[PDB]
>>> print(open('protein_9.cif').read())   # mmCIF, N, CA, C and O atoms and all ligand atoms
data_protein
#
loop_
_atom_site.label_atom_id
_atom_site.label_comp_id
_atom_site.auth_asym_id
_atom_site.auth_seq_id
_atom_site.Cartn_x
_atom_site.Cartn_y
_atom_site.Cartn_z
N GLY E 10 0.84 -1.23 0.00
CA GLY E 10 0.00 0.00 0.00
C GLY E 10 0.85 1.25 0.00
O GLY E 10 0.77 2.08 0.91
N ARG E 11 1.68 1.39 -1.03
CA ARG E 11 2.65 2.47 -1.09
C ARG E 11 2.12 3.78 -1.62
O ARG E 11 2.68 4.34 -2.58
N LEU E 12 1.04 4.28 -1.02
CA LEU E 12 0.59 5.65 -1.33
C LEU E 12 1.58 6.61 -0.65
O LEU E 12 2.21 6.27 0.37
N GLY E 13 1.73 7.80 -1.22
CA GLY E 13 2.50 8.86 -0.56
C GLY E 13 4.01 8.75 -0.64
O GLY E 13 4.58 8.66 -1.75
N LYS E 14 4.66 8.81 0.52
CA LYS E 14 6.12 8.70 0.64
C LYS E 14 6.93 9.84 0.00
O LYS E 14 8.09 9.66 -0.38
N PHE E 15 6.34 11.04 -0.09
CA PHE E 15 7.05 12.16 -0.67
C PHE E 15 8.42 12.37 -0.04
O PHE E 15 9.35 12.75 -0.73
N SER E 16 8.52 12.15 1.27
CA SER E 16 9.75 12.55 2.00
C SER E 16 10.99 11.79 1.52
O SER E 16 12.10 12.28 1.67
N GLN E 17 10.80 10.59 0.97
CA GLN E 17 11.92 9.81 0.45
C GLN E 17 12.75 10.48 -0.65
O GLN E 17 13.96 10.31 -0.70
N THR E 18 12.10 11.26 -1.52
CA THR E 18 12.81 11.92 -2.59
C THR E 18 12.54 13.43 -2.63
O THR E 18 12.57 14.03 -3.70
N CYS E 19 12.34 14.03 -1.46
CA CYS E 19 12.27 15.49 -1.35
C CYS E 19 13.18 15.95 -0.20
O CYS E 19 13.63 15.13 0.61
N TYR E 20 13.45 17.25 -0.14
CA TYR E 20 14.18 17.83 0.99
C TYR E 20 13.69 19.26 1.27
O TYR E 20 12.88 19.81 0.52
N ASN E 21 14.19 19.83 2.36
CA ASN E 21 13.81 21.19 2.77
C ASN E 21 12.31 21.37 2.87
O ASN E 21 11.77 22.40 2.41
N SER E 22 11.64 20.39 3.48
CA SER E 22 10.20 20.45 3.69
C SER E 22 9.89 21.35 4.86
O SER E 22 10.63 21.39 5.84
N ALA E 23 8.77 22.06 4.78
CA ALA E 23 8.33 22.85 5.92
C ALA E 23 6.82 23.05 5.81
O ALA E 23 6.26 22.93 4.73
N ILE E 24 6.20 23.35 6.95
CA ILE E 24 4.77 23.62 7.09
C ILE E 24 4.59 25.02 7.65
O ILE E 24 5.22 25.36 8.64
N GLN E 25 3.72 25.82 7.04
CA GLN E 25 3.31 27.11 7.62
C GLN E 25 1.81 27.11 7.48
O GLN E 25 1.26 26.93 6.37
N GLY E 26 1.13 27.23 8.61
CA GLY E 26 -0.33 27.06 8.59
C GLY E 26 -0.75 25.70 8.05
O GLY E 26 -0.41 24.67 8.65
N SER E 27 -1.49 25.69 6.95
CA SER E 27 -2.01 24.43 6.42
C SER E 27 -1.22 24.01 5.18
O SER E 27 -1.57 23.02 4.53
N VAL E 28 -0.16 24.75 4.87
CA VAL E 28 0.55 24.52 3.60
C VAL E 28 1.90 23.82 3.78
O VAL E 28 2.75 24.32 4.52
N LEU E 29 2.06 22.67 3.11
CA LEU E 29 3.36 21.99 3.02
C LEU E 29 4.11 22.45 1.76
O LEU E 29 3.54 22.41 0.69
N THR E 30 5.38 22.82 1.91
CA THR E 30 6.24 23.17 0.79
C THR E 30 7.48 22.26 0.86
O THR E 30 7.99 21.97 1.95
N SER E 31 7.95 21.78 -0.29
CA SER E 31 9.11 20.92 -0.28
C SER E 31 9.76 20.99 -1.66
O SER E 31 9.11 21.34 -2.62
N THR E 32 11.02 20.58 -1.72
CA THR E 32 11.78 20.56 -2.96
C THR E 32 11.99 19.09 -3.32
O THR E 32 12.61 18.34 -2.56
N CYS E 33 11.48 18.68 -4.48
CA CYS E 33 11.33 17.26 -4.80
C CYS E 33 12.05 16.92 -6.08
O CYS E 33 12.12 17.74 -7.00
N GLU E 34 12.59 15.69 -6.12
CA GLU E 34 13.36 15.20 -7.27
C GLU E 34 12.44 14.88 -8.45
O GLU E 34 11.43 14.21 -8.29
N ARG E 35 12.82 15.37 -9.63
CA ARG E 35 12.11 15.04 -10.84
C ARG E 35 12.63 13.71 -11.39
O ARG E 35 13.75 13.28 -11.07
N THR E 36 11.82 13.07 -12.22
CA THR E 36 12.15 11.76 -12.78
C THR E 36 13.50 11.74 -13.47
O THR E 36 14.34 10.88 -13.19
N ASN E 37 13.73 12.72 -14.34
CA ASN E 37 14.96 12.74 -15.11
C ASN E 37 16.02 13.71 -14.55
O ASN E 37 16.83 14.28 -15.29
N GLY E 38 16.01 13.88 -13.22
CA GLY E 38 17.02 14.70 -12.56
C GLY E 38 16.56 16.13 -12.36
O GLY E 38 15.63 16.61 -13.01
N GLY E 39 17.23 16.83 -11.47
CA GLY E 39 16.82 18.19 -11.20
C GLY E 39 15.72 18.17 -10.16
O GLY E 39 15.20 17.11 -9.79
N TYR E 40 15.35 19.36 -9.70
CA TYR E 40 14.39 19.48 -8.62
C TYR E 40 13.33 20.52 -8.95
O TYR E 40 13.49 21.34 -9.88
N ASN E 41 12.23 20.41 -8.23
CA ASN E 41 11.18 21.40 -8.29
C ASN E 41 10.63 21.66 -6.89
O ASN E 41 10.48 20.73 -6.10
N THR E 42 10.32 22.91 -6.59
CA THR E 42 9.74 23.28 -5.30
C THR E 42 8.25 23.51 -5.51
O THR E 42 7.84 24.17 -6.48
N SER E 43 7.44 22.90 -4.66
CA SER E 43 5.99 23.01 -4.81
C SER E 43 5.35 23.04 -3.44
O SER E 43 6.01 22.78 -2.44
N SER E 44 4.05 23.34 -3.41
CA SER E 44 3.31 23.43 -2.17
C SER E 44 2.00 22.71 -2.35
O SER E 44 1.49 22.60 -3.48
N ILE E 45 1.44 22.25 -1.24
CA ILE E 45 0.12 21.64 -1.22
C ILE E 45 -0.63 22.13 0.02
O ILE E 45 -0.10 22.12 1.13
N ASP E 46 -1.84 22.66 -0.19
CA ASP E 46 -2.63 23.15 0.93
C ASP E 46 -3.38 21.98 1.54
O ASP E 46 -4.22 21.38 0.89
N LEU E 47 -3.06 21.65 2.78
CA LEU E 47 -3.61 20.47 3.45
C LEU E 47 -5.04 20.63 4.00
O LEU E 47 -5.65 19.65 4.38
N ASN E 48 -5.57 21.85 4.00
CA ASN E 48 -6.93 22.12 4.51
C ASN E 48 -7.99 21.25 3.81
O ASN E 48 -9.03 20.93 4.39
N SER E 49 -7.74 20.84 2.57
CA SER E 49 -8.77 20.09 1.86
C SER E 49 -8.64 18.57 2.03
O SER E 49 -9.51 17.82 1.59
N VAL E 50 -7.60 18.12 2.72
CA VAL E 50 -7.38 16.67 2.85
C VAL E 50 -7.21 16.14 4.28
O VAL E 50 -7.19 14.93 4.49
N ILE E 51 -7.12 17.06 5.24
CA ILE E 51 -6.95 16.74 6.66
C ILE E 51 -8.02 17.47 7.45
O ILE E 51 -8.44 18.58 7.08
N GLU E 52 -8.49 16.86 8.53
CA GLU E 52 -9.52 17.47 9.36
C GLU E 52 -9.23 17.21 10.84
O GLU E 52 -8.55 16.24 11.18
N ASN E 53 -9.74 18.10 11.68
CA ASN E 53 -9.70 17.94 13.14
C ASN E 53 -10.96 17.22 13.60
O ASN E 53 -12.06 17.80 13.56
N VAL E 54 -10.81 15.95 14.01
CA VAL E 54 -11.89 15.18 14.63
C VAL E 54 -11.63 15.06 16.12
O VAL E 54 -10.76 14.29 16.53
N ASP E 55 -12.32 15.89 16.91
CA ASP E 55 -12.23 15.81 18.36
C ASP E 55 -10.79 15.88 18.87
O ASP E 55 -10.40 15.15 19.79
N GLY E 56 -10.01 16.78 18.28
CA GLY E 56 -8.65 17.05 18.76
C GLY E 56 -7.56 16.23 18.08
O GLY E 56 -6.37 16.37 18.43
N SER E 57 -7.96 15.39 17.12
CA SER E 57 -7.03 14.49 16.43
C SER E 57 -7.04 14.80 14.93
O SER E 57 -8.10 14.82 14.31
N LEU E 58 -5.87 15.06 14.34
CA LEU E 58 -5.80 15.26 12.89
C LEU E 58 -5.99 13.94 12.16
O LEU E 58 -5.28 12.95 12.44
N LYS E 59 -6.93 13.92 11.21
CA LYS E 59 -7.24 12.71 10.45
C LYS E 59 -7.26 13.05 8.98
O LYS E 59 -7.53 14.18 8.61
N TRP E 60 -7.03 12.04 8.15
CA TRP E 60 -7.23 12.18 6.72
C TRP E 60 -8.74 12.25 6.48
O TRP E 60 -9.50 11.46 7.05
N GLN E 61 -9.17 13.21 5.68
CA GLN E 61 -10.57 13.28 5.28
C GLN E 61 -10.95 12.01 4.50
O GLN E 61 -10.14 11.48 3.75
N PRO E 62 -12.19 11.51 4.70
CA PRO E 62 -12.68 10.34 3.98
C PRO E 62 -12.73 10.57 2.47
O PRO E 62 -12.67 11.71 2.01
N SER E 63 -12.83 9.47 1.74
CA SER E 63 -13.04 9.48 0.31
C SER E 63 -14.30 10.29 -0.03
O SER E 63 -15.21 10.41 0.79
N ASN E 64 -14.34 10.86 -1.23
CA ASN E 64 -15.52 11.60 -1.67
C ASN E 64 -16.78 10.80 -1.36
O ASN E 64 -16.79 9.58 -1.54
N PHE E 65 -17.84 11.47 -0.88
CA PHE E 65 -19.05 10.73 -0.49
C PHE E 65 -19.71 9.88 -1.60
O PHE E 65 -20.44 8.94 -1.31
N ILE E 66 -19.46 10.20 -2.86
CA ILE E 66 -19.96 9.38 -3.97
C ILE E 66 -19.39 7.95 -3.96
O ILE E 66 -19.95 7.05 -4.59
N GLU E 67 -18.28 7.73 -3.26
CA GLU E 67 -17.69 6.40 -3.25
C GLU E 67 -18.47 5.47 -2.32
O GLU E 67 -18.46 4.25 -2.53
N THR E 68 -19.17 6.03 -1.32
CA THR E 68 -19.84 5.26 -0.27
C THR E 68 -21.35 5.54 -0.17
O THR E 68 -22.02 5.03 0.73
N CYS E 69 -21.86 6.31 -1.12
CA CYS E 69 -23.29 6.65 -1.17
C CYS E 69 -23.81 6.38 -2.58
O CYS E 69 -23.07 6.42 -3.56
N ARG E 70 -25.10 6.10 -2.68
CA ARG E 70 -25.71 5.80 -3.96
C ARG E 70 -27.07 6.47 -4.03
O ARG E 70 -27.62 6.87 -2.99
N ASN E 71 -27.53 6.64 -5.26
CA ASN E 71 -28.87 7.19 -5.52
C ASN E 71 -29.01 8.61 -4.99
O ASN E 71 -30.05 8.98 -4.43
N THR E 72 -27.97 9.40 -5.15
CA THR E 72 -28.05 10.81 -4.75
C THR E 72 -29.04 11.55 -5.64
O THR E 72 -29.10 11.33 -6.86
N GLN E 73 -29.81 12.44 -5.05
CA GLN E 73 -30.73 13.27 -5.80
C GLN E 73 -31.19 14.42 -4.94
O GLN E 73 -31.03 14.39 -3.73
N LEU E 74 -31.72 15.45 -5.60
CA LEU E 74 -32.39 16.53 -4.89
C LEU E 74 -33.80 16.10 -4.54
O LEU E 74 -34.63 15.84 -5.44
N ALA E 75 -34.09 16.06 -3.25
CA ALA E 75 -35.43 15.80 -2.76
C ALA E 75 -36.12 17.13 -2.45
O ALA E 75 -35.73 17.82 -1.51
N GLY E 76 -37.09 17.51 -3.26
CA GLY E 76 -37.75 18.81 -3.08
C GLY E 76 -36.86 19.93 -3.58
O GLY E 76 -36.15 19.78 -4.56
N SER E 77 -36.92 21.09 -2.92
CA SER E 77 -36.22 22.26 -3.43
C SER E 77 -34.79 22.39 -2.91
O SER E 77 -34.00 23.11 -3.52
N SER E 78 -34.44 21.73 -1.81
CA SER E 78 -33.10 21.95 -1.23
C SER E 78 -32.39 20.80 -0.51
O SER E 78 -31.24 20.95 -0.09
N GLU E 79 -33.04 19.65 -0.36
CA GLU E 79 -32.41 18.54 0.36
C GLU E 79 -31.63 17.61 -0.56
O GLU E 79 -32.17 17.13 -1.54
N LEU E 80 -30.37 17.34 -0.22
CA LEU E 80 -29.64 16.23 -0.81
C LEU E 80 -30.05 14.95 -0.05
O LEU E 80 -29.84 14.86 1.16
N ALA E 81 -30.63 14.00 -0.79
CA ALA E 81 -30.95 12.69 -0.23
C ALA E 81 -30.14 11.58 -0.91
O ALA E 81 -29.80 11.66 -2.10
N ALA E 82 -29.84 10.53 -0.16
CA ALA E 82 -29.08 9.41 -0.75
C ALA E 82 -29.18 8.23 0.20
O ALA E 82 -29.77 8.35 1.29
N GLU E 83 -28.61 7.10 -0.21
CA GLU E 83 -28.34 6.02 0.73
C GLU E 83 -26.84 5.89 0.88
O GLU E 83 -26.13 5.74 -0.14
N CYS E 84 -26.37 5.90 2.12
CA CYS E 84 -24.92 5.87 2.43
C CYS E 84 -24.50 4.70 3.33
O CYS E 84 -25.26 4.27 4.22
N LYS E 85 -23.27 4.22 3.13
CA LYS E 85 -22.73 3.11 3.93
C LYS E 85 -22.32 3.52 5.34
O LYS E 85 -21.61 4.50 5.53
N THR E 86 -22.73 2.74 6.33
CA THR E 86 -22.27 2.97 7.69
C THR E 86 -20.89 2.33 7.83
O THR E 86 -20.44 1.66 6.91
N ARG E 87 -20.25 2.51 8.98
CA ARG E 87 -18.93 1.88 9.22
C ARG E 87 -19.06 0.36 9.20
O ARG E 87 -18.09 -0.34 8.89
N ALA E 88 -20.25 -0.14 9.52
CA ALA E 88 -20.57 -1.58 9.44
C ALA E 88 -20.94 -2.02 8.02
O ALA E 88 -21.33 -3.18 7.80
N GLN E 89 -20.83 -1.10 7.06
CA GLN E 89 -21.01 -1.40 5.63
C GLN E 89 -22.45 -1.67 5.17
O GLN E 89 -22.67 -2.26 4.11
N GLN E 90 -23.44 -1.24 5.95
CA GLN E 90 -24.81 -1.33 5.48
C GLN E 90 -25.24 0.03 4.94
O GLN E 90 -24.79 1.07 5.43
N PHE E 91 -26.08 0.01 3.91
CA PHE E 91 -26.62 1.25 3.40
C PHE E 91 -27.79 1.68 4.27
O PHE E 91 -28.67 0.86 4.58
N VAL E 92 -27.83 2.97 4.62
CA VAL E 92 -28.99 3.54 5.31
C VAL E 92 -29.42 4.84 4.62
O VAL E 92 -28.63 5.45 3.92
N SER E 93 -30.68 5.26 4.81
CA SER E 93 -31.15 6.56 4.27
C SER E 93 -30.60 7.74 5.04
O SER E 93 -30.51 7.74 6.28
N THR E 94 -30.28 8.79 4.29
CA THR E 94 -29.80 10.01 4.89
C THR E 94 -30.19 11.18 4.01
O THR E 94 -30.46 11.03 2.81
N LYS E 95 -30.27 12.35 4.63
CA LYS E 95 -30.45 13.58 3.86
C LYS E 95 -29.78 14.74 4.58
O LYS E 95 -29.52 14.66 5.78
N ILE E 96 -29.52 15.81 3.83
CA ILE E 96 -28.91 17.01 4.37
C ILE E 96 -29.52 18.21 3.66
O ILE E 96 -29.74 18.17 2.45
N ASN E 97 -29.86 19.27 4.40
CA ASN E 97 -30.46 20.44 3.74
C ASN E 97 -29.36 21.35 3.17
O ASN E 97 -28.61 21.97 3.91
N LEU E 98 -29.28 21.42 1.84
CA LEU E 98 -28.26 22.21 1.17
C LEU E 98 -28.43 23.73 1.39
O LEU E 98 -27.46 24.48 1.28
N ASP E 99 -29.65 24.17 1.71
CA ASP E 99 -29.90 25.57 2.13
C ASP E 99 -29.11 26.00 3.36
O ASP E 99 -28.98 27.20 3.58
N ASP E 100 -28.61 25.05 4.15
CA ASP E 100 -27.81 25.36 5.35
C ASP E 100 -26.58 26.20 4.97
O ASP E 100 -26.22 27.13 5.68
N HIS E 101 -25.96 25.86 3.84
CA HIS E 101 -24.64 26.36 3.53
C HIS E 101 -24.38 26.68 2.06
O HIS E 101 -23.28 27.11 1.72
N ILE E 102 -25.36 26.48 1.18
CA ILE E 102 -25.20 26.88 -0.22
C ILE E 102 -26.03 28.13 -0.48
O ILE E 102 -27.25 28.15 -0.26
N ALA E 103 -25.36 29.19 -0.96
CA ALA E 103 -26.00 30.47 -1.22
C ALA E 103 -26.02 30.83 -2.72
O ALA E 103 -25.21 30.34 -3.49
N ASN E 104 -27.00 31.64 -3.12
CA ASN E 104 -27.00 32.30 -4.42
C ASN E 104 -26.29 33.64 -4.24
O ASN E 104 -26.87 34.55 -3.65
N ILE E 105 -25.04 33.72 -4.71
CA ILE E 105 -24.24 34.96 -4.70
C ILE E 105 -24.30 35.56 -6.12
O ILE E 105 -23.55 35.11 -7.00
N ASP E 106 -25.22 36.51 -6.33
CA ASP E 106 -25.41 37.18 -7.61
C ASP E 106 -25.49 36.19 -8.80
O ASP E 106 -24.84 36.40 -9.82
N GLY E 107 -26.29 35.13 -8.66
CA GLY E 107 -26.52 34.20 -9.77
C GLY E 107 -25.67 32.94 -9.80
O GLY E 107 -25.86 32.08 -10.68
N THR E 108 -24.72 32.84 -8.89
CA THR E 108 -23.81 31.67 -8.83
C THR E 108 -23.89 30.98 -7.49
O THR E 108 -23.83 31.63 -6.45
N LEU E 109 -24.02 29.64 -7.51
CA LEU E 109 -24.00 28.84 -6.28
C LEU E 109 -22.62 28.89 -5.63
O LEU E 109 -21.60 28.62 -6.28
N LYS E 110 -22.59 29.26 -4.35
CA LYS E 110 -21.35 29.29 -3.59
C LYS E 110 -21.55 28.74 -2.19
O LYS E 110 -22.60 28.98 -1.56
N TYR E 111 -20.54 28.03 -1.69
CA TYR E 111 -20.53 27.51 -0.33
C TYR E 111 -20.19 28.60 0.69
O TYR E 111 -19.28 29.42 0.46
N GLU E 112 -20.95 28.63 1.79
CA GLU E 112 -20.63 29.43 2.98
C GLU E 112 -20.63 28.50 4.20
O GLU E 112 -21.70 28.07 4.62
N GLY E 113 -19.46 28.22 4.76
CA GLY E 113 -19.34 27.20 5.82
C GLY E 113 -19.50 27.71 7.24
O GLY E 113 -19.21 28.85 7.52
N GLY E 114 -19.98 26.86 8.13
CA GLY E 114 -20.25 27.24 9.52
C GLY E 114 -19.65 28.57 9.94
O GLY E 114 -18.43 28.68 10.11
NA NA I 1 10.73 25.80 -8.21
NA NA I 2 -21.80 39.69 -4.06
#
>>> encode(input="protein_9.cif", output="structure tokens", more="lines below")
Ligand code: NA
Ligand code: NA
Amino acid sequence: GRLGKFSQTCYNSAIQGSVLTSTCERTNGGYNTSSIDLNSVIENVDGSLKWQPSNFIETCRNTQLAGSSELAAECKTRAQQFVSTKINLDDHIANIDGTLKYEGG
């Protein structure tokens, strides 16, 4: 399961806020410096940093809009059974001058 392992062929890595920057070896020699913002892939669960789960489409089926604003679907529990669920998209999706935009807690 060899996902990741950037550190093996990079150096001068550092973190500032949510951003990792490092200088990494290219396939045919030479280096490149790049950054990755970790806010979209790591989350704080009750004081513990965790990798965010796979996109919900991987573990949910039959997604649809129920009525004017609810996302409904059937999703897998940790025990791997599908159950019904819904979420009101009006909670956090706004019309900003004609375009759908997220506004989070
Ligand atoms: Na560079
Ligand atoms: Na505006």
>>> atom_distance(input="protein_9.cif", atom1="atom N of residue 67 in chain E", atom2="atom O of residue 80 in chain E")
14.3 Å
>>> atom_distance(input="protein_9.cif", atom1="CA of residue 90 in chain E", atom2="CA of residue 71 in chain E")
14.5 Å
>>> residues_near_ligand(input="protein_9.cif", ligand="ligand NA 1 (chain I)", cutoff="6 Å", atoms="all atoms listed in the file", output="list in words")
residues 40, 41, 42 and 43 of chain E
>>> write_last_selection(input="protein_9.cif", atoms="N, CA, C and O atoms", output="PDB file, in the frame of the given file")
ATOM      1  N   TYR E  40      15.350  19.360  -9.700  1.00  0.00           N
ATOM      2  CA  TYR E  40      14.390  19.480  -8.620  1.00  0.00           C
ATOM      3  C   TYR E  40      13.330  20.520  -8.950  1.00  0.00           C
ATOM      4  O   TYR E  40      13.490  21.340  -9.880  1.00  0.00           O
ATOM      5  N   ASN E  41      12.230  20.410  -8.230  1.00  0.00           N
ATOM      6  CA  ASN E  41      11.180  21.400  -8.290  1.00  0.00           C
ATOM      7  C   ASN E  41      10.630  21.660  -6.890  1.00  0.00           C
ATOM      8  O   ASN E  41      10.480  20.730  -6.100  1.00  0.00           O
ATOM      9  N   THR E  42      10.320  22.910  -6.590  1.00  0.00           N
ATOM     10  CA  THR E  42       9.740  23.280  -5.300  1.00  0.00           C
ATOM     11  C   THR E  42       8.250  23.510  -5.510  1.00  0.00           C
ATOM     12  O   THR E  42       7.840  24.170  -6.480  1.00  0.00           O
ATOM     13  N   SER E  43       7.440  22.900  -4.660  1.00  0.00           N
ATOM     14  CA  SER E  43       5.990  23.010  -4.810  1.00  0.00           C
ATOM     15  C   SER E  43       5.350  23.040  -3.440  1.00  0.00           C
ATOM     16  O   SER E  43       6.010  22.780  -2.440  1.00  0.00           O
TER      17      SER E  43
END
>>> atom_distance(input="protein_9.cif", atom1="CA of residue 86 in chain E", atom2="atom C of residue 57 in chain E")
20.6 Å
>>> residues_near_ligand(input="protein_9.cif", ligand="ligand NA 2 (chain I)", cutoff="8 Å", atoms="only N, CA, C and O atoms and all ligand atoms", output="PDB file with N, CA, C and O atoms, in the coordinates of the input")
ATOM      1  N   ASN E 104     -27.000  31.640  -3.120  1.00  0.00           N
ATOM      2  CA  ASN E 104     -27.000  32.300  -4.420  1.00  0.00           C
ATOM      3  C   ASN E 104     -26.290  33.640  -4.240  1.00  0.00           C
ATOM      4  O   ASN E 104     -26.870  34.550  -3.650  1.00  0.00           O
ATOM      5  N   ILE E 105     -25.040  33.720  -4.710  1.00  0.00           N
ATOM      6  CA  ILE E 105     -24.240  34.960  -4.700  1.00  0.00           C
ATOM      7  C   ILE E 105     -24.300  35.560  -6.120  1.00  0.00           C
ATOM      8  O   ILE E 105     -23.550  35.110  -7.000  1.00  0.00           O
ATOM      9  N   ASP E 106     -25.220  36.510  -6.330  1.00  0.00           N
ATOM     10  CA  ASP E 106     -25.410  37.180  -7.610  1.00  0.00           C
ATOM     11  C   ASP E 106     -25.490  36.190  -8.800  1.00  0.00           C
ATOM     12  O   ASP E 106     -24.840  36.400  -9.820  1.00  0.00           O
ATOM     13  N   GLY E 107     -26.290  35.130  -8.660  1.00  0.00           N
ATOM     14  CA  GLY E 107     -26.520  34.200  -9.770  1.00  0.00           C
ATOM     15  C   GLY E 107     -25.670  32.940  -9.800  1.00  0.00           C
ATOM     16  O   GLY E 107     -25.860  32.080 -10.680  1.00  0.00           O
TER      17      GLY E 107
END
>>> closest_residue(input="protein_9.cif", among="E:108, E:48, E:37, E:64", to="residue 84 in chain E", atoms="only C-alpha atoms")
E:64
>>> closest_residue(input="protein_9.cif", among="E:74, E:20, E:92, E:49", to="residue 62 in chain E", atoms="all atoms listed in the file")
E:49
>>> closest_residue(input="protein_9.cif", among="E:36, E:72, E:78, E:16", to="residue 101 in chain E", atoms="only C-alpha atoms")
E:78
>>> residues_around(input="protein_9.cif", residues="residue 21 in chain E", least_positions_apart="4", cutoff="7 Å", atoms="only N, CA, C and O atoms", output="list in words")
residues 30, 31 and 32 of chain E
>>> write_last_selection(input="protein_9.cif", atoms="N, CA, C and O atoms", output="compact mmCIF listing (two decimals), keeping the file's coordinate frame")
# COMPACT_ATOMS: atom_id res chain seq x y z
N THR E 30 5.38 22.82 1.91
CA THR E 30 6.24 23.17 0.79
C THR E 30 7.48 22.26 0.86
O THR E 30 7.99 21.97 1.95
N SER E 31 7.95 21.78 -0.29
CA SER E 31 9.11 20.92 -0.28
C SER E 31 9.76 20.99 -1.66
O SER E 31 9.11 21.34 -2.62
N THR E 32 11.02 20.58 -1.72
CA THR E 32 11.78 20.56 -2.96
C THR E 32 11.99 19.09 -3.32
O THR E 32 12.61 18.34 -2.56
>>> axis_aligned_box(input="protein_9.cif", around="range 101-114 of chain E", padding_each_side="6 Å", output="JSON")
{"center_x": -22.8, "center_y": 31.5, "center_z": -0.3, "size_x": 20.8, "size_y": 23.3, "size_z": 32.8}
>>> select_by_dssp(input="protein_9.cif", residues="chain E", states="strand (DSSP E)", output="ChimeraX atom specification")
/E:19-25,28-34,40-46,51-54,57-60,69-75,79-85,91-97,102-105,108-111
>>> closest_residue(input="protein_9.cif", among="E:33, E:28, E:111, E:66", to="residue 51 in chain E", atoms="only C-alpha atoms")
E:28
>>> select_by_dssp(input="protein_9.cif", residues="chain E", states="helix (DSSP H, G or I)", output="PyMOL selection string")
chain E and resi 15-18+47-49+65-67+98-100
>>> decode(input="protein_9.cif", residues="range 21-34 of chain E", atoms="N, CA, C and O atoms", output="CSV table (one decimal), in the first residue's frame")
chain,number,residue,atom,x,y,z
E,21,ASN,N,14.2,19.8,2.4
E,21,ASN,CA,13.8,21.2,2.8
E,21,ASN,C,12.3,21.4,2.9
E,21,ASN,O,11.8,22.4,2.4
E,22,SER,N,11.6,20.4,3.5
E,22,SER,CA,10.2,20.4,3.7
E,22,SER,C,9.9,21.4,4.9
E,22,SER,O,10.6,21.4,5.8
E,23,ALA,N,8.8,22.1,4.8
E,23,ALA,CA,8.3,22.9,5.9
E,23,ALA,C,6.8,23.0,5.8
E,23,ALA,O,6.3,22.9,4.7
E,24,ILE,N,6.2,23.3,7.0
E,24,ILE,CA,4.8,23.6,7.1
E,24,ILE,C,4.6,25.0,7.6
E,24,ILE,O,5.2,25.4,8.6
E,25,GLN,N,3.7,25.8,7.0
E,25,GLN,CA,3.3,27.1,7.6
E,25,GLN,C,1.8,27.1,7.5
E,25,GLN,O,1.3,26.9,6.4
E,26,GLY,N,1.1,27.2,8.6
E,26,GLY,CA,-0.3,27.1,8.6
E,26,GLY,C,-0.7,25.7,8.1
E,26,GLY,O,-0.4,24.7,8.6
E,27,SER,N,-1.5,25.7,6.9
E,27,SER,CA,-2.0,24.4,6.4
E,27,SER,C,-1.2,24.0,5.2
E,27,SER,O,-1.6,23.0,4.5
E,28,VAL,N,-0.2,24.8,4.9
E,28,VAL,CA,0.5,24.5,3.6
E,28,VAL,C,1.9,23.8,3.8
E,28,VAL,O,2.7,24.3,4.5
E,29,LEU,N,2.1,22.7,3.1
E,29,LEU,CA,3.4,22.0,3.0
E,29,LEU,C,4.1,22.4,1.8
E,29,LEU,O,3.5,22.4,0.7
E,30,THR,N,5.4,22.8,1.9
E,30,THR,CA,6.2,23.2,0.8
E,30,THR,C,7.5,22.3,0.9
E,30,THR,O,8.0,22.0,2.0
E,31,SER,N,7.9,21.8,-0.3
E,31,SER,CA,9.1,20.9,-0.3
E,31,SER,C,9.8,21.0,-1.7
E,31,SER,O,9.1,21.3,-2.6
E,32,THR,N,11.0,20.6,-1.7
E,32,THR,CA,11.8,20.6,-3.0
E,32,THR,C,12.0,19.1,-3.3
E,32,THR,O,12.6,18.3,-2.6
E,33,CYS,N,11.5,18.7,-4.5
E,33,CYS,CA,11.3,17.3,-4.8
E,33,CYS,C,12.1,16.9,-6.1
E,33,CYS,O,12.1,17.7,-7.0
E,34,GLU,N,12.6,15.7,-6.1
E,34,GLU,CA,13.4,15.2,-7.3
E,34,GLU,C,12.4,14.9,-8.4
E,34,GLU,O,11.4,14.2,-8.3
